[PDB]
Amino acid sequence: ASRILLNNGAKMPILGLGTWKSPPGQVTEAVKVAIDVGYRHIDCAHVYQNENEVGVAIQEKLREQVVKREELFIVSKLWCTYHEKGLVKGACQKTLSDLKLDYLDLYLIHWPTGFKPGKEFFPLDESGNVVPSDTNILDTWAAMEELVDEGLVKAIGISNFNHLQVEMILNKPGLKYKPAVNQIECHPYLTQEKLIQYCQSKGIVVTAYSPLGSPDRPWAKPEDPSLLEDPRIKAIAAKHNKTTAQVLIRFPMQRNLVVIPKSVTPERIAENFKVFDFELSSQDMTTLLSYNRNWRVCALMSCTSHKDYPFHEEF
Ligand SMILES: NC(=O)c1ccc[n+]([C@@H]2O[C@H](COP(=O)([O-])OP(=O)(O)OC[C@H]3O[C@@H](n4cnc5c(N)ncnc54)[C@H](OP(=O)(O)O)[C@@H]3O)[C@@H](O)[C@H]2O)c1
Ligand SMILES: COc1ccc2c(C(=S)N(C)CC(=O)O)cccc2c1C(F)(F)F
């Protein structure tokens, strides 16, 4: 079952390619290979600084008649320094021009935290705390709604919103469109049962990021657990004659989640897609869930400071 029905009436492929930390010199090839082997969903963001190169790949495959625009599902995200209502369209418009698209299938508020606007993506004070902006997320939501009504994006959603924050959008006075997606970190060490159950109960689809535990994250520490090297997970892989990565991708799929593993390695790209020919047992699923430890790749300690920091609450 390759696509899930969103509350805007559209269908979203449950496997997409992530692009965070995909180097600009390699990500054009990575996205071309991904399209060639089956992927139809690419997860992007202005802050990754590689959307132009992603867009070159998309356009080449459109031009080559490999894929049709309607069959692709291209996602990007509104960076934190653009939460002011006056900046949202332009932020979107940049992303469209870079990806060489005239609409996005899905546009997310990347983080609940607005940052001070300017050329800096990560503005810090003379002590290093992130400098917030005085933007209310409801007002940012209203600006996202306008994008739908302008034809620039087919669906809007959120990312890294905790339960109170999703609830805040859903109770927005005058809410016109419900979020379609909440994109959050999720893997056997951070299983998110409460937030996921809450979102699904509201008709919001959850996308799972860092499903392999982001071994290329720049802040990796030796003492950090490692999904890909966890002997318990390797064993489950071995019982199904798949790799560990394949188990880690199949796992959210069986929880009715969308999942976006990143790779710029052609063999891994292809491997990561071969996840529709096997099923984890109920016991496997329960077992993988038992590994939870509230471990986050994206803990973002410099943001703990911010009003809307989403991870003070477990969910
Ligand atoms: N919205 C948010 O706040 C947010 C935050 C973080 C991430 N995300 C999205 O989620 C995507 C995925 O998360 P991530 O990039 O943090 O990490 P990830 O997908 O968990 O892991 C990426 C790492 O795993 C490696 N890898 C890929 N396939 C592998 C395989 N089959 N075997 C062994 N290693 C493999 C990649 O190496 P190579 O590339 O060298 O092959 C890379 O080092 C991102 O790229 C981004 O699109 C969203
Ligand atoms: C909301 O705060 C964020 C959000 C994202 C980041 C990232 C990024 S771009 N990611 C974790 C990837 C992603 O957000 O998709 C890198 C470094 C600091 C960040 C911070 C930080 F505040 F720590 F600066």
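Positions are given from 1 along the sequence. Any value given below was found using the heavy atoms of this structure, including those in side chains, with hydrogens, waters and symmetry copies removed. Each ligand, and each atom within it, is numbered from 1 in the order the structure gives.
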Would you call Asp284-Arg250 a salt bridge at under 4.0 Å N-O? no
Contact summary for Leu99 and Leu104, nearest pair of heavy atoms: CD1-CD2, 3.7 Å
Is the closest side-chain donor-acceptor distance between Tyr209 and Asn160 under 3.5 Å? yes
Under-4.0 Å salt bridge between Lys89 and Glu150: yes
Less than 4.0 Å from some atom of ligand 1, heavy atoms are found in residues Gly18, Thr19, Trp20, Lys21, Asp43, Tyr48, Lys77, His110, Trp111, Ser159, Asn160, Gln183, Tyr209, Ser210, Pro211, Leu212, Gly213, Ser214, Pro215, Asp216, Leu228, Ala245, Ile260, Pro261, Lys262, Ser263, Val264, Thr265, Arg268, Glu271, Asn272
One pair per line, please: each N/O atom of ligand 2 matched with every protein N/O atom under 3.5 Å away, atom names first, then the distance to 0.1 Å.
unit_1: ligand 2; atom_1: 14 (O); unit_2: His110; atom_2: NE2; d: 3.3
unit_1: ligand 2; atom_1: 14 (O); unit_2: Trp111; atom_2: NE1; d: 2.9
unit_1: ligand 2; atom_1: 15 (O); unit_2: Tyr48; atom_2: OH; d: 2.7
unit_1: ligand 2; atom_1: 15 (O); unit_2: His110; atom_2: NE2; d: 2.7

If you look at every heavy atom in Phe121 and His46, which pair is closest and at what distance? CZ-NE2, 3.6 Å
Side chains of residues 168-181: which donor-acceptor partners sit under 3.5 Å, not counting sequence neighbours?
unit_1: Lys176; atom_1: NZ; unit_2: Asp149; atom_2: OD2; d: 2.7
unit_1: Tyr177; atom_1: OH; unit_2: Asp149; atom_2: OD1; d: 2.6

Run the salt-bridge test on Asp277 and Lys242 with the 4.0 Å N-O cut-off and return the result as yes or no. yes
Distance under 6.0 Å and angle within 45° of the ring axis: does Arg255 meet both against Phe251? yes
Could you give the side-chain donor-acceptor pairs of residues 22-32 under 3.5 Å, partners two or more places apart or in another chain?
unit_1: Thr28; atom_1: OG1; unit_2: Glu53; atom_2: O; d: 2.8
unit_1: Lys32; atom_1: NZ; unit_2: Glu60; atom_2: OE1; d: 2.8

